[PDB]
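Here it is: the structure, laid out below.
Order of writing sets the labels: A, B and C. Residues in every chain begin at 1.
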């Protein structure tokens, strides 16, 4: 998928998690987010398309999705145990990682 | 290890999972599969030896193993919970990631 | 963080795990080790400074931290279900991964 499609997936499912009632809804949304994070790692963002593909900034961009995926998995661990409120709070804290990348490459 | 050696490991241990009768067999097979997938990330496939190491195709190839590893971990979660049948069903779904990479790059 | 700071975070928190008494101490040390491992993926070791960031040595180096992060997570899985001693044993086994990278790129 496109980078923008994957960002829409991440943004939409974060809102699904915010409004969720039960753990299975949160689990499903976090799974879509993880798939979107890994697919986005394949993209070249507009900010960097004029730099070398081997540039340190492209590596910095890709590793950011490794960090996002691992943090999503931590929230998913809480959702699998049925801890809805804790999973929702951990999902909310993802936004620190979203924003950290946006400050550099948005 | 060799790219083909890592593929033999993935394939041998998928066959173990297909036939397994308990969660211990599955969990040990998935652990080997994850190690082979991560090690395969370090290789250049023959069909991409004519690409730069950070070309979009080589990124697609390497991230394909991150996707495989996360999907293996999903199956391993299920096996650690005694969901042997569900873990085996997750192993079957894994094959679409195997196939998609082979279609592009084998 | 720079690579040296990430390495001190790995070293320090491995020492906490060896000395820990309960699962909360082990879980929190493993979480910091994982964050440091992923942040280290973004760095260039001094022996590879003059190489392309996408050279095979640099890919080998970055995948080394994928393997370490996944091995850290296995230890966290053991600690999260309260198997403290098995988590401590697993954390001790990580050193073979630390040492393997060191022998090549330190």
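In the analysis below, a contact is a pair of C-beta atoms (placed from the backbone, for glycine too) under 8 Å apart; a residue touches a chain by one contact, two chains touch by 3 or more.
*Asks:* Would you kindly give the rotation angle relating chain B to chain C, two copies of one sequence, based on a CA superposition and rounded to a multiple of 5 degrees?
*Replies:* So the copies are related by a turn of 120 degrees.
*Asks:* Is the contact between copies chain A and chain B built from the same residues on both sides or from different ones, judged by whether over half of the numbers are shared?
*Replies:* Counting shared over all numbers used gives less than one half: different.
*Asks:* Just the number, please: Cα centre separation of chain A and chain B in whole Å.
*Replies:* 22
*Asks:* Quick check: what residues of chain C touch more than one other chain, meaning two or more?
*Replies:* Where chain C meets two or more other chains at a single residue, that happens at 52-54, 66, 73.
*Asks:* Quick check on the complex: what are the chain A residues that touch chain B?
*Replies:* It comes out as residues 34-35, 38-39, 41-42, 44, 52-54, 58, 62, 66, 69, 73, 80.
*Asks:* In their complex, what parts of chain A are in touch with chain C?
*Replies:* Residues of chain A touching chain C: 53-56, 59-60, 63, 66-67, 70, 73, 77.
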